[PDB]
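Engineer: Provided herewith is a single structure, encoded as structure tokens, for subsequent inquiry.
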Amino acid sequence: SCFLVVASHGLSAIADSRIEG
Amino acid sequence: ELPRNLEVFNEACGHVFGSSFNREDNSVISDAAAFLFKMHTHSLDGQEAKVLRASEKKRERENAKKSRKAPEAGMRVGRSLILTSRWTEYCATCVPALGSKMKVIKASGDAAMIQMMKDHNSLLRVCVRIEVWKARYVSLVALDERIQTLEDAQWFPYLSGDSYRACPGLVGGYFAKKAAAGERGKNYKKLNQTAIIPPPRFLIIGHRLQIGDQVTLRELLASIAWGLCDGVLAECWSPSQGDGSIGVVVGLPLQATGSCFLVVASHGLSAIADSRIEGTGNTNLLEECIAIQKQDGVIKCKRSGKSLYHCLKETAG
Amino acid sequence: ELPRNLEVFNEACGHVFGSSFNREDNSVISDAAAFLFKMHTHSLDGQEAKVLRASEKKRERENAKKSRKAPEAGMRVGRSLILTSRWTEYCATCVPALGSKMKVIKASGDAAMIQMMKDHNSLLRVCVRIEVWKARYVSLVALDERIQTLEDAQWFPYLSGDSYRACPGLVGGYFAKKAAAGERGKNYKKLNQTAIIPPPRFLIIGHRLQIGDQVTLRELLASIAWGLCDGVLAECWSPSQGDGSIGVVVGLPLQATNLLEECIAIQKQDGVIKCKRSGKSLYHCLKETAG
DNA sequence: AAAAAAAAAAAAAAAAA
């Protein structure tokens with residue numbers, strides 16, 4: 001599984017959703 | 001009644017697929033568009049070979065393609081599409097000969113040939129848009145193995161060379177990467193990854209996606225985003241009081257153009273592609289906002305911070 | 001006793017704008033310089049037409065502009081500048097005829113025309129310097145919508161072709177991109193996006209920016225940086241009693257985890273010092289400090 | 001020193017994995 005969240009509509013890209021925090 | 005593009009697409013699909021072409025199903029329309037794109041690029045078996053600058057392997061592949069029998073009448077395509085006996089006539093009539101260039105036709109001055117070439121180009125563009133939308137839709141439930149890092153994800157969708165040529169502003173892949181890394185001429189177009197693409201059943205009818213339309217969550221999301229975009233875009237939907245499979249569009253996202261967070265290098269410093277990311281902060285990342293234009297007015301919806309694909313998978317649970 | 005480079009501009013501005021031409025306001029000087037730049041590029045109303053190789057629409061636009069009535073005396077330009085009846089005479093004499101090239105002037109041998117063309121070149125250079133500084137000043141508060149990625153931020157400022165031709169060194173824009181794509185040679189110049197341009201109230205009087213000169217924070221930042229540069233440059237300005245949009249310059253930068261550890265060199269009255277980078281653009285830093 | 005925020009995205013006619 002891939003947890004990337006590409007930037008869009010002015011939002012900030014995330015290289016890993018889980019690691020955030 | 002309709003622009004040239006949608007009229008030509010409807011004519012081509014009706015001629016090639018007869019009465020089996022369902023005009024209210026996204027999957028059938030996508031299959032028909034993909035098949036028409038294959039036919040118009042000289043890629044169906046039994047068509048002219050591409051040997052102008054082909055490597056020996058390419059020469060062999062194209063020769064094999066030429067020798068093989070072309071699709072026969074009544075062949076099954078997709079799930080509920082069946083070719084009619086008169087698709088060969090359409091292919092021979094409305095498909096420009098391999099290598100045809102608009103300059104040569106204009107020099108010849110044949111009005112019919114110019115009209116046919118314009119129709120062919122319009123159909124290429126429409127089918128490219130439909131196929132990009134279908135790629136987005138597939139990305140909502142099936143992750144692509146190619147995309148493993150943000151650098152790779154930056155170039156989605158991955159499509160063939162002719163797909164990039166037809167709609168450079170929407171199609172990514174190898175050719176978009178090459179163009180971006182190469183010299184940027186007067187015709188260079190930046191990859192607008194999250195451009196609005198109305199569903200295939202609205203794309204061939206001209207009804208631009210707007211508030212009040214009754215659509216599904218997956219179709220709307222594939223229209224305004226793709227699998228790995230943030231999940232807050234799901235706020236653009238509201239389930240109805242009936243079955244609930246098809247809801248209503250309440251508001252659409254706005255392409256953010258408020259502020260730029262870059263920091264250009266100067267006096268020996270180094271550039272920063274994004275101030276928030278390189279700051280190693282988390283408080284701001286969890287309290288971001290997206291500007292959704294609704295019927296009432298603009299609203300700032302806080303980002304959910306999880307991929308759209310994962311959000312949909314969790315919701316389906 | 002000012003150099004001809006600035007004497008020509010001062011004389012032109014005076015002869016054109018009368019006494020209304022304030023020589024102590026950056027906005028006034030910038031508006032006057034922009035108007036004179038337009039005048040010397042035949043871009044005003046009722047002036048010559050650039051139809052050397054213009055396309056159909058461009059030809060029609062040039063013809064319409066040529067037919068369009070020229071400005072009249074007393075016209076309000078900017079906010080605090082009013083034309084003088086003498087301007088036409090000036091525009092009749094000092095402005096070279098459209099298409100005139102230094103080759104023809106030199107071949108003719110007329111000393112008066114040669115000096116006129118030299119003065120015209122100097123005036124164009126001065127006006128382009130003023131325009132570049134004005135672009136930086138504007139960028140420091142409101143950012144261009146064109147600049148979205150570092151690739152686009154590499155070509156700021158975005159000015160017309162004439163501006164690039166007059167001062168290729170400082171001006172960027174579409175034509176700078178075209179020249180970069182073309183080739184590199186002896187005539188080619190490398191864009192210096194952070195060159196020190198003295199403020200217009202200092203440029204037209206040969207007042208080189210130096211430590212101990214009273215300047216607004218935005219003035220100094222525009223004169224040593226632009227909107228998207230690193231925020232650490234704010235360390236070069238120190239306020240005064242009640243600030244009041246006035247302060248002083250304390251240093252001028254050189255070369256006009258660890259990523260945030262990069263340091264910039266600042267020259268002070270004593271010696272070179274290293275100041276840690278902030279990581280936030282000057283635009284955002286000023287916006288946040290405002291409120 | 002020389003040489004759809006009076007005037008900046010989406011779609012169309014030009015160019016062309």
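Chain identifiers are assigned as A, B, and so on, following the order in which chains appear in the structure tokens; residues are numbered from 1 within each chain, and ligands are numbered from 1 in order of appearance.
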Do me a favour and pick out the residues of chain B within 8 Å of chain D, using only C-alpha atoms (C1' of nucleotides), as a list in words.
Structural biologist: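 Close enough to count are residues 158, 159, 160, 165, 173, 174 and 187 of chain B.
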Engineer: With chain C as the partner and 8 Å as the cut-off, tabulate the residues of chain B that qualify, each row holding the nearest pair of atoms and their distance in Å to one decimal, using only C-alpha atoms, sorted by chain and rising number, as a Markdown table.
Structural biologist:
```
| residue | atom | partner | partner_atom | distance |
| --- | --- | --- | --- | --- |
| B:183 | CA | C:181 | CA | 7.4 |
| B:257 | CA | C:145 | CA | 7.2 |
| B:259 | CA | C:143 | CA | 7.6 |
| B:260 | CA | C:148 | CA | 6.4 |
| B:261 | CA | C:281 | CA | 7.0 |
| B:262 | CA | C:228 | CA | 6.7 |
| B:263 | CA | C:281 | CA | 5.2 |
| B:264 | CA | C:229 | CA | 5.3 |
| B:265 | CA | C:229 | CA | 6.9 |
| B:266 | CA | C:229 | CA | 6.8 |
| B:267 | CA | C:255 | CA | 5.3 |
| B:268 | CA | C:264 | CA | 6.8 |
| B:269 | CA | C:262 | CA | 6.2 |
| B:270 | CA | C:259 | CA | 7.5 |
| B:271 | CA | C:150 | CA | 7.8 |
| B:272 | CA | C:279 | CA | 8.0 |
| B:273 | CA | C:150 | CA | 6.9 |
| B:275 | CA | C:280 | CA | 6.3 |
| B:279 | CA | C:279 | CA | 7.5 |
```
Engineer: Considering only C-alpha atoms (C1' of nucleotides), return as a CSV table (one decimal) with N, CA, C and O atoms, in the first residue's frame whatever protein or nucleic-acid residues lie within 7 Å of range 300-309 of chain B, sequence-local ones (same chain, fewer than 3 positions apart) excluded.
Structural biologist:
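Dumped everything to selection.csv:
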```
chain,number,residue,atom,x,y,z
A,3,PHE,N,1.0,5.4,0.8
A,3,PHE,CA,0.3,6.4,1.7
A,3,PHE,C,0.6,7.8,1.3
A,3,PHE,O,0.4,8.7,2.1
A,4,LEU,N,1.1,8.0,0.1
A,4,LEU,CA,1.4,9.4,-0.4
A,4,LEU,C,0.1,10.2,-0.6
A,4,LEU,O,-1.0,9.6,-0.8
A,5,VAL,N,0.2,11.5,-0.4
A,5,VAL,CA,-0.9,12.4,-0.7
A,5,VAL,C,-0.3,13.6,-1.4
A,5,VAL,O,0.2,14.5,-0.9
A,17,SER,N,1.4,9.5,5.1
A,17,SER,CA,0.3,10.0,5.9
A,17,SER,C,0.5,9.5,7.4
A,17,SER,O,0.2,10.3,8.3
B,140,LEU,N,-9.0,5.5,-8.1
B,140,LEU,CA,-9.7,5.7,-6.8
B,140,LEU,C,-9.9,4.4,-6.1
B,140,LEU,O,-10.2,4.4,-4.9
B,141,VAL,N,-9.7,3.2,-6.7
B,141,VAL,CA,-9.9,2.0,-6.1
B,141,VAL,C,-8.8,1.0,-6.3
B,141,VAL,O,-8.7,0.0,-5.6
B,227,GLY,N,-6.8,9.5,-7.2
B,227,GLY,CA,-6.7,8.6,-6.1
B,227,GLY,C,-5.9,9.2,-4.9
B,227,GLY,O,-6.4,9.1,-3.8
B,228,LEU,N,-4.8,9.8,-5.2
B,228,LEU,CA,-3.9,10.2,-4.1
B,228,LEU,C,-4.1,11.6,-3.7
B,228,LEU,O,-3.3,12.1,-2.8
B,229,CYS,N,-5.0,12.4,-4.3
B,229,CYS,CA,-5.3,13.7,-3.8
B,229,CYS,C,-5.9,13.6,-2.4
B,229,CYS,O,-6.4,12.6,-2.0
B,230,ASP,N,-5.8,14.7,-1.6
B,230,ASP,CA,-6.3,14.8,-0.3
B,230,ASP,C,-7.7,14.4,-0.2
B,230,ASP,O,-8.5,14.5,-1.2
B,231,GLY,N,-8.2,14.0,1.0
B,231,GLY,CA,-9.5,13.5,1.1
B,231,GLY,C,-10.6,14.5,1.3
B,231,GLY,O,-11.8,14.3,1.2
B,232,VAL,N,-10.2,15.8,1.7
B,232,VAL,CA,-11.2,16.8,1.9
B,232,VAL,C,-12.1,17.1,0.7
B,232,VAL,O,-13.2,17.6,0.9
B,286,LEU,N,-1.9,20.0,9.8
B,286,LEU,CA,-3.2,19.4,10.2
B,286,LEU,C,-4.3,20.4,10.2
B,286,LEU,O,-5.5,20.0,10.4
B,287,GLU,N,-4.0,21.7,10.0
B,287,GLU,CA,-5.0,22.8,10.0
B,287,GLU,C,-5.0,23.6,8.7
B,287,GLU,O,-5.4,24.7,8.7
B,288,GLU,N,-4.6,22.9,7.6
B,288,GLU,CA,-4.7,23.6,6.3
B,288,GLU,C,-6.1,23.8,6.0
B,288,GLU,O,-7.1,23.5,6.7
B,289,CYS,N,-6.3,24.4,4.8
B,289,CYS,CA,-7.7,24.7,4.3
B,289,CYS,C,-7.7,24.6,2.8
B,289,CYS,O,-6.7,24.8,2.1
B,290,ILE,N,-8.9,24.2,2.3
B,290,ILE,CA,-9.1,24.2,0.8
B,290,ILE,C,-10.4,25.1,0.6
B,290,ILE,O,-11.4,25.0,1.3
B,291,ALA,N,-10.3,25.9,-0.5
B,291,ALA,CA,-11.4,26.8,-0.8
B,291,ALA,C,-12.4,26.1,-1.7
B,291,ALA,O,-12.1,25.9,-2.9
B,292,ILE,N,-13.5,25.7,-1.1
B,292,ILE,CA,-14.6,25.1,-1.9
B,292,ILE,C,-15.6,26.2,-2.2
B,292,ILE,O,-16.2,26.8,-1.3
B,312,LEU,N,-11.8,6.5,0.7
B,312,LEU,CA,-12.9,5.8,0.1
B,312,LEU,C,-12.9,4.3,0.6
B,312,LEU,O,-13.9,3.8,0.9
B,313,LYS,N,-11.7,3.7,0.7
B,313,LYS,CA,-11.6,2.4,1.2
B,313,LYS,C,-12.1,2.3,2.6
B,313,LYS,O,-12.9,1.3,3.0
```
Engineer: With a cut-off of 7 Å and counting only C-alpha atoms, select all residues of chain A in contact with chain B and give the selection as an NGL selection string.
Structural biologist: :A and (2-11 or 15 or 17 or 20-21)
Engineer: Restrict the selected residues to N, CA and C atoms and save them as a PDB file, in the first residue's frame.
Structural biologist:
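Here's the written file out.pdb:
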```
ATOM      1  N   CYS A   2       0.377   2.302  -0.653  1.00  0.00           N
ATOM      2  CA  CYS A   2       1.079   3.573  -0.760  1.00  0.00           C
ATOM      3  C   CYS A   2       0.284   4.643  -0.024  1.00  0.00           C
ATOM      4  N   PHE A   3       0.966   5.399   0.838  1.00  0.00           N
ATOM      5  CA  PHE A   3       0.325   6.384   1.700  1.00  0.00           C
ATOM      6  C   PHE A   3       0.624   7.817   1.275  1.00  0.00           C
ATOM      7  N   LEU A   4       1.106   8.019   0.054  1.00  0.00           N
ATOM      8  CA  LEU A   4       1.393   9.366  -0.413  1.00  0.00           C
ATOM      9  C   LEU A   4       0.104  10.166  -0.560  1.00  0.00           C
ATOM     10  N   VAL A   5       0.220  11.480  -0.380  1.00  0.00           N
ATOM     11  CA  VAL A   5      -0.878  12.400  -0.652  1.00  0.00           C
ATOM     12  C   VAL A   5      -0.324  13.576  -1.441  1.00  0.00           C
ATOM     13  N   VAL A   6      -0.471  13.533  -2.764  1.00  0.00           N
ATOM     14  CA  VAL A   6       0.102  14.572  -3.608  1.00  0.00           C
ATOM     15  C   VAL A   6      -0.576  15.907  -3.320  1.00  0.00           C
ATOM     16  N   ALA A   7       0.194  16.984  -3.439  1.00  0.00           N
ATOM     17  CA  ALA A   7      -0.343  18.318  -3.224  1.00  0.00           C
ATOM     18  C   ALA A   7      -1.357  18.668  -4.304  1.00  0.00           C
ATOM     19  N   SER A   8      -2.344  19.476  -3.929  1.00  0.00           N
ATOM     20  CA  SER A   8      -3.391  19.861  -4.861  1.00  0.00           C
ATOM     21  C   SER A   8      -4.218  20.981  -4.250  1.00  0.00           C
ATOM     22  N   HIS A   9      -4.646  21.919  -5.092  1.00  0.00           N
ATOM     23  CA  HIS A   9      -5.530  23.004  -4.668  1.00  0.00           C
ATOM     24  C   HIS A   9      -4.939  23.779  -3.494  1.00  0.00           C
ATOM     25  N   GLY A  10      -3.628  23.998  -3.533  1.00  0.00           N
ATOM     26  CA  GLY A  10      -2.956  24.760  -2.506  1.00  0.00           C
ATOM     27  C   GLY A  10      -2.587  23.977  -1.266  1.00  0.00           C
ATOM     28  N   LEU A  11      -2.974  22.709  -1.177  1.00  0.00           N
ATOM     29  CA  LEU A  11      -2.616  21.897  -0.028  1.00  0.00           C
ATOM     30  C   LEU A  11      -1.161  21.453  -0.127  1.00  0.00           C
ATOM     31  N   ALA A  15       4.611  13.042   2.208  1.00  0.00           N
ATOM     32  CA  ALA A  15       5.368  11.873   1.783  1.00  0.00           C
ATOM     33  C   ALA A  15       4.949  10.605   2.511  1.00  0.00           C
ATOM     34  N   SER A  17       1.351   9.547   5.065  1.00  0.00           N
ATOM     35  CA  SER A  17       0.253   9.976   5.924  1.00  0.00           C
ATOM     36  C   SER A  17       0.475   9.541   7.368  1.00  0.00           C
ATOM     37  N   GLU A  20       3.072  11.460   9.762  1.00  0.00           N
ATOM     38  CA  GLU A  20       2.677  12.781  10.225  1.00  0.00           C
ATOM     39  C   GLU A  20       2.252  12.720  11.686  1.00  0.00           C
ATOM     40  N   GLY A  21       2.729  13.681  12.471  1.00  0.00           N
ATOM     41  CA  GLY A  21       2.422  13.738  13.889  1.00  0.00           C
ATOM     42  C   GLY A  21       3.612  13.379  14.758  1.00  0.00           C
TER      43      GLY A  21
END
```
Engineer: Please identify all polymer residues within 6 Å of range 38-46 of chain C, counting only C-alpha atoms (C1' of nucleotides), omitting same-chain residues fewer than 4 positions from it, and present them as a PyMOL selection string.
Structural biologist: chain C and resi 65-66+68-70+95
Engineer: Find the distance between CA of residue 191 in chain C and CA of residue 169 in chain C and write it in Å to one decimal.
Structural biologist: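 Value for the CA of residue 191 in chain C-CA of residue 169 in chain C distance: 5.3 Å.
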Engineer: Quick one: pull the distance between CA of residue 125 in chain C and CA of residue 166 in chain C, Å, one decimal.
Structural biologist: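 That distance, rounded to one decimal, is 5.5 Å.
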Engineer: Write out as an MDAnalysis selection string the residues lying within 12 Å of residue 114 in chain C, counting only C-alpha atoms (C1' of nucleotides) and excluding same-chain residues fewer than 3 positions away.
Structural biologist: chainID C and resid 94 96 100:111 117:121
Engineer: Go ahead and write the selection's residues with N, CA, C and O atoms as a short mmCIF file (atom, residue, chain, number, x, y, z; two decimals), in the first residue's frame.
Structural biologist:
```cif
data_model
loop_
_atom_site.label_atom_id
_atom_site.label_comp_id
_atom_site.auth_asym_id
_atom_site.auth_seq_id
_atom_site.Cartn_x
_atom_site.Cartn_y
_atom_site.Cartn_z
N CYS C 94 13.72 65.87 -28.33
CA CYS C 94 14.61 64.91 -27.68
C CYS C 94 14.30 63.48 -28.08
O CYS C 94 15.22 62.65 -28.17
N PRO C 96 14.05 60.49 -30.27
CA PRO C 96 14.49 60.15 -31.62
C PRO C 96 13.35 59.57 -32.45
O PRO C 96 12.41 58.98 -31.92
N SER C 100 15.21 54.86 -35.84
CA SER C 100 16.56 55.39 -35.94
C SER C 100 17.53 54.48 -35.19
O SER C 100 17.26 54.05 -34.07
N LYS C 101 18.65 54.19 -35.83
CA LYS C 101 19.68 53.32 -35.27
C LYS C 101 20.97 54.09 -35.11
O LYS C 101 21.28 54.99 -35.90
N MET C 102 21.74 53.74 -34.07
CA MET C 102 23.00 54.43 -33.82
C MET C 102 23.93 54.34 -35.02
O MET C 102 24.76 55.23 -35.22
N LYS C 103 23.81 53.28 -35.82
CA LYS C 103 24.64 53.16 -37.01
C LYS C 103 24.41 54.34 -37.95
O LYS C 103 25.36 54.97 -38.42
N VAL C 104 23.14 54.65 -38.23
CA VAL C 104 22.83 55.74 -39.15
C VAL C 104 23.30 57.07 -38.57
O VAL C 104 23.86 57.91 -39.29
N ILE C 105 23.08 57.29 -37.28
CA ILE C 105 23.47 58.55 -36.66
C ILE C 105 24.98 58.73 -36.75
O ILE C 105 25.48 59.81 -37.11
N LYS C 106 25.74 57.67 -36.45
CA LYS C 106 27.19 57.77 -36.52
C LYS C 106 27.66 57.97 -37.96
O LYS C 106 28.60 58.74 -38.20
N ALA C 107 27.03 57.30 -38.92
CA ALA C 107 27.41 57.47 -40.31
C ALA C 107 27.16 58.90 -40.77
O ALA C 107 27.96 59.47 -41.53
N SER C 108 26.05 59.50 -40.33
CA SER C 108 25.75 60.87 -40.73
C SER C 108 26.83 61.84 -40.25
O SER C 108 27.20 62.77 -40.97
N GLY C 109 27.34 61.63 -39.04
CA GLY C 109 28.38 62.47 -38.49
C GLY C 109 27.89 63.68 -37.72
O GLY C 109 28.72 64.46 -37.24
N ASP C 110 26.58 63.86 -37.59
CA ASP C 110 26.04 64.99 -36.84
C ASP C 110 26.37 64.83 -35.36
O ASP C 110 25.94 63.87 -34.72
N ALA C 111 27.14 65.78 -34.82
CA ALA C 111 27.48 65.72 -33.40
C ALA C 111 26.24 65.88 -32.54
O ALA C 111 26.08 65.19 -31.52
N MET C 117 21.39 60.82 -29.25
CA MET C 117 21.21 59.37 -29.13
C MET C 117 21.89 58.83 -27.88
O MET C 117 21.36 57.92 -27.22
N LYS C 118 23.06 59.36 -27.53
CA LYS C 118 23.70 58.94 -26.28
C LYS C 118 22.83 59.29 -25.08
O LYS C 118 22.66 58.48 -24.16
N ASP C 119 22.26 60.50 -25.09
CA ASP C 119 21.36 60.90 -24.01
C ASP C 119 20.13 60.01 -23.97
O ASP C 119 19.65 59.65 -22.88
N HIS C 120 19.59 59.64 -25.13
CA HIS C 120 18.44 58.75 -25.18
C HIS C 120 18.77 57.39 -24.58
O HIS C 120 17.98 56.82 -23.82
N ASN C 121 19.94 56.85 -24.92
CA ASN C 121 20.35 55.56 -24.35
C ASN C 121 20.47 55.65 -22.83
O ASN C 121 19.99 54.77 -22.11
#
```
Engineer: What's the separation between CA of residue 34 in chain B and CA of residue 131 in chain B, in Å to one decimal place?
Structural biologist: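 These atoms are spaced 6.4 Å apart.
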Engineer: Write out as a list in words the set of residues from range 183-309 of chain B that DSSP, computed on the backbone, places in alpha helix (DSSP H).
Structural biologist: residues 200, 201, 202, 203, 217, 218, 219, 220, 221, 222, 223, 224, 275, 276, 277, 278, 308 and 309 of chain B
Engineer: Taking the DSSP secondary structure from the backbone, can you list the residues of range 137-268 of chain B that are strand (DSSP E), as a ChimeraX atom specification?
Structural biologist: /B:237-238,248-249,251-253
Engineer: Go through C:82, C:205, C:32, C:73 and flag the residue nearest residue 19 in chain C, using only C-alpha atoms for the distances.
Structural biologist: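 Under the stated criterion, the closest residue is C:82.
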